[PDB]
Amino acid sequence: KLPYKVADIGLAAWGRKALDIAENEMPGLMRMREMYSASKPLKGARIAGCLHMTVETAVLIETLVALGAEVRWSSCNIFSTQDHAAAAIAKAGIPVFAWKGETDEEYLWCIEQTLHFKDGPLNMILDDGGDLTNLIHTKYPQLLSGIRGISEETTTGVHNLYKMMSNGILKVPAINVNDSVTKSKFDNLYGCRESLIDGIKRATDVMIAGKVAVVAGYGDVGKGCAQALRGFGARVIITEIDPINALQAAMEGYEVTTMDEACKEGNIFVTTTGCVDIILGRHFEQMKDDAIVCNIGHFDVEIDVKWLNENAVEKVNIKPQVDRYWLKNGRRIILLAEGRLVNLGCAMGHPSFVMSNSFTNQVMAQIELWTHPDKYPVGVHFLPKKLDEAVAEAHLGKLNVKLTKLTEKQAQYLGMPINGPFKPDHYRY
């Protein structure tokens, strides 16, 4: 029935001011507007969005609409919504169901309000984390035959997509947006490099300099976190299950040990694994007084937050999403955002510039699926490298980067199109 549902529509004006500033920071999305506003390649699309409802996401949403699509939106995390952002989208006349600090039930509710449009069920999915994807496959399968495609933002979501596919249970063609190079090596890496510390700082205002910081996982996210921490004068310790990642981290000058060891040394703990059971009771019990513990992976499964609730003598809320626990042993643990995504949970997520790479990849994927479905049979697909290169290209102007153009002789020497793609498929950048 409702046109939207947000925390306070009164925050619309401020949101709009924030949207204005962010647009000017997001040239990938803006170029998409220049190119495709007239031709409206998305007319007919009915896109249900499940993705952190922030200022950046607002710019993506309004890009989808300018491209002719109908869009309904919900956040993919109970803490991540930026209320002023949601307000602006709602006031603009776009159905959005999102607010900071939802309950687990308000969460599923919001998502369901994205499923039905004036003209019928949804026919495109833009998902971050697999939640909207899974909800349709298991709760509303009858809607699967009317969906042309899914595009998936984050590494956990795509992981799930692969597992669905190899189990025969995926029924809609899916583009893996996470593993666009202009996503995974930008958003995951440099985004977290700037938003992790933001989140810790806003929550706790602790000094990084002189701390021991333990980062679990050294993939794209863990790389960015580690480097951000080291940059501020923290001594950074890494844990890893993958020998290749571990050698990388050792070659960069980090000590790489087990959580079972590092729990006794760290003052700050950051989980980036995307895997269950990373920081447990046995670890909490050995930590230094006032350890800070927070997770940055997509789901809050990495930290045993239940163990704290059940086993602490004392639990004091310092403020929204900041909890201080007193244990049997007389020491305290500070826990951030109840173990959910700390950058989005306790701050404002990645900054808008890098998000423009992510969101540009999303737009192209939506066009690709909507306009070229034949290209995309049931399964999980990458964007072509030429498009990947295009998104990066689109962001060079704003940083005043001058790109070298190959001469004809050069292109022939390298046996390469003068216009790219400039790399083979297996290139790792």
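Numbers for residues come from their place in the sequence shown, where the first is 1.
Mean C-alpha B-factor is higher over 136-144 than over the other stretch, the pair under comparison being 155-163 and 136-144.
The mean Cα B-factor in the deposited entry runs higher for 167-175 than for the other of 167-175 and 348-356. Comparing the C-alpha B-factors of 92, 196, 236, 207 in the entry, the top value falls on 92. Of the residues listed, 65, 403, 59, 53, the entry assigns the biggest Cα temperature factor to 65. Ranked by Cα temperature factor within the chain, residue 371 sits in the middle third according to the deposited record.
In the PDB entry, a CA B factor belonging to the lowest third of its chain's modelled residues is recorded for residue 22. Looking at the C-alpha B-factors along this chain, the one for residue 219 belongs to the lowest third. Among the modelled residues of the chain, residue 273 sits in the lowest third by CA temperature factor in this PDB entry. Among all modelled residues in its chain, residue 190 ranks in the lowest third by Cα B-factor.
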